[PDB]
Every structure is written in structure tokens, then in C-alpha cells.
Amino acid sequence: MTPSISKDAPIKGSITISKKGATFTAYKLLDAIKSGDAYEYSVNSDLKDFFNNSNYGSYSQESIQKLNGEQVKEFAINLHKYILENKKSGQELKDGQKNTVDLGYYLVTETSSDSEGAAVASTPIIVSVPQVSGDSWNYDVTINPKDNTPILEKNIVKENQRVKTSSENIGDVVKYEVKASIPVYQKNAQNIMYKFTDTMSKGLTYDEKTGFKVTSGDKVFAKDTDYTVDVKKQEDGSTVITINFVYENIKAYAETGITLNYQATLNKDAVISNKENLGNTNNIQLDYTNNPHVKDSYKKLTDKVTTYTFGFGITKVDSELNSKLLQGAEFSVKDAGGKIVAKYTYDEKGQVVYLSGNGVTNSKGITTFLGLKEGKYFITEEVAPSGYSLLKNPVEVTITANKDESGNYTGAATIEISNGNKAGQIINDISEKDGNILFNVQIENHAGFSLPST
């Protein structure tokens, strides 16, 4: 039993819909016409053909009045299929506005290719104007889009925590975890894109053996059936990894989303510095379908983490003459705990090569120890340069990593002698031609001297 129609009722109504950047289209299926104390319906000519059509659910006019919750959604789809299938035009509804429409029965769909934010396209809506509210009619109706908004994050997994930034020794692993939503669409939707693009900077080597573990809550997904993995080495050194999904296989797992577990190893080509820098990055991008019925309608979510490392050179000099540079002196570097680290050094050319033993001082008295995270390290003179005594104690250094208000590494760092060995002293940073920047520990050696005989 419909409510009574006021003598002051307007001839036109309105549809207000709120979704920024989006455009909706209203298709009038029935005109509402007043007779006595009720609204009667007569079909729109243009959409007359939808009625009693085989490949559209073959709906009659007398079938709309009685329809189930789902039978309405089905009806909506069919009607949408017809509109698209026969390239039917409609009225465009602008956002955040009162849209004046004729009284009747509408299908409303999101028809714009793009929209603000991350949300995918709204599902097709069936609305009438006016619509019943208690003992009256509401001629100014509102519709809130039927859509979802996906999220994406990338995190480094360090010590059972999730951080946007970290520090490691070259040769060690950086574990990555990606959390992402699985967007949902209507059922009559095809050619859905769900595709990750991960970019690792040259300092990171993707661990191809471990690979990707693709997971939705408890479900483990299968490579080459649910997704492909595509790894391409770039000319600049970076690695682009594309994980393209068969959306149909993850469709039913939207509740728990997608988790990606994978790792890289920080390599000898890493960014080594003590200034604020971009570091050794991992970028993840997710490209997904926005509106499944408008060609080339896609959106994009991005996130990124970075890993930093540091290093120091040793300038070996004479005790009395700091000007004199000592060659052939050999040094070992141990961390706190006594284990040997910094198994990478600079070439006589400027290339980063493996360091299989002690660091031997240049003809300019220099050796470099690369790929060290912040902490306390012990520099020990293993072999003295020809004609010199041996340092009786290690030169202890402590590297301190700069952090930001949020507690994230910035890539900047400082270093100091932390055991008070006066044989050592922090001098000017070494700037490599490849862009790297090293700390510089100058260490003095005492030359032997013979005493006069009669």
C-alpha cells in the first residue's frame, strides 16, 4: 500500500550521489505517472525491447513488482547487459550535486573511466524516484556507491617487526612482506587485472631460489597456475619483477587478501654512504581494474622500503710524519662478538671486489672495508708495515646511523673512536668516483730506530 500523494508534490525529483571524480549514468526504464492517489508505470520506448528478450532473462513488465533481494541484483545485471549490448544512451549524474530527474524507475551505473582515490567502480544500482519513506514519498533520493577500496603496503621483516627501513651487511638478506587487498567486482565481470610490479635497485639481488610465497590467510597459491613470475634485469642494474595474477583464482579469497613473502640479498653494488640518500630500495606497485566495462580503466597503488649500509677506509701513516703513507700494513675487522665482517673492498681501479683475507694498505696507505651496518667494530693491525712496530691495541670504532622523527634510517651516519686509542683519528670522508662515501680512520705506526754505536 503506497502512501498518499501530496497536492504540492513536485513533478520532478532528484538523485544525489557522492563519489569524487566519478560520473554515474541513470537509465530510465519506467515513467511514473500520477492517477488519483497513486503512481502508475509506463515503459520508456527506447528500452521497450529489453522486455521479453531471450538473452536478457526474458523479463516481463509484471515481473518487476515481485522480485527477491538477489533477483533484483540479477535483474540489474541483465538490464545492464542490455544497455551495454545495444549501446543505449542515458542521463549523466554529476558528483556531490542534486541531479534533477523525471519520476520513475532507474538503473544507475558508474560510467566514468576514472575516479579519485583507490576505489574500484560501483556495482549497478536499481533506484526509484520518488521512493517510499514511512507515510510519505521522498523525491530527493541519495545513493551511496556499492564499491570497495583496496590497500597496499610493503614492509621489511626484521626481528619479527615490520619496518619501512633497515640496515645490513653486504652479503646478508633483506626479507620483504607485501600486504594487499583483493578488489571485488560484480559477477558478470571479465578481464580483471591484478598485477604486481616490484622494482629492486641495483644493490639488491632477488633471491630466485627462495622466490615468492603467495598466500591468502591459510591458502597457498601455486606458481604457473594462479600467477606467473617475470624477472627482468635492467640496463641500470635494477631488477623488475612482474607477478601477474589469474584473478579468477583469487576471486574467492577477497576476505583475507593477498600476502607476498620474498627476499633479496644486499650486494657489492649497493649504495654505501654516510649522507642522507635513497639507499637500496624495494618498490612495489599494484595495477588493478577500476571499472570493468570501460576499456583502459585501471588504477595503481604504490609503496616502498629501503635498506642502507656503510663503510670505512683506513689511511696508514707514520707516527712522526703523518704525511708519509705506509704500504703493506694488514688489518682485520671484527664486529661486536669477535666475528670477521666486511668481506668486500675497493679495487686498485675502483671496483668493489671480494676480500678473502686481511685488508692490505695501498701504495697510498689505504684499505677499504665495505658493506657494514651501524655498530661497534674492532680494527686490528695483523701485520705491521716493513720496519715498524705493531699497534699494541685495536682501534675500536662505533658507527651511528641517523634516524628521523618516525624512527626510520635516513642513510646518514657518524663514526668515532670508542675505546680511546690515540693511534687512531677520524679524518676526511673518502668520496669514491662511483658515488659511494666512506668514513676514514687514520692510524699511526711507530717506526723502529737504531741507536748509535761507538
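The first residue of the sequence shown is number 1, and the count goes up from there.
- Relative to its counterpart among 419-427 and 54-62, 54-62 has the higher mean temperature factor, C-alpha atoms as listed in the PDB entry.
- For the pair 85-93 and 275-283, the mean B factor over Cα atoms is greater in 85-93.
- Across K202, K175, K343, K195, the entry's maximum B-factor at the CA atom is seen for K343.
- Ranking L103, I241, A76, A119 by the C-alpha B-factor listed in the PDB entry places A76 at the top.
- Per-chain ranking of the deposited C-alpha B factor places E235 in the middle third.
- Annotation for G357: CA B-factor lies in the middle third of the chain's modelled residues.
- Annotation for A252: C-alpha temperature factor in the middle third relative to the rest of the modelled chain, per the entry.
- Annotation for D31: C-alpha temperature factor in the middle third relative to the rest of the modelled chain, per the entry.
- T410: CA B factor lies in the lowest third for its chain, per the PDB record.
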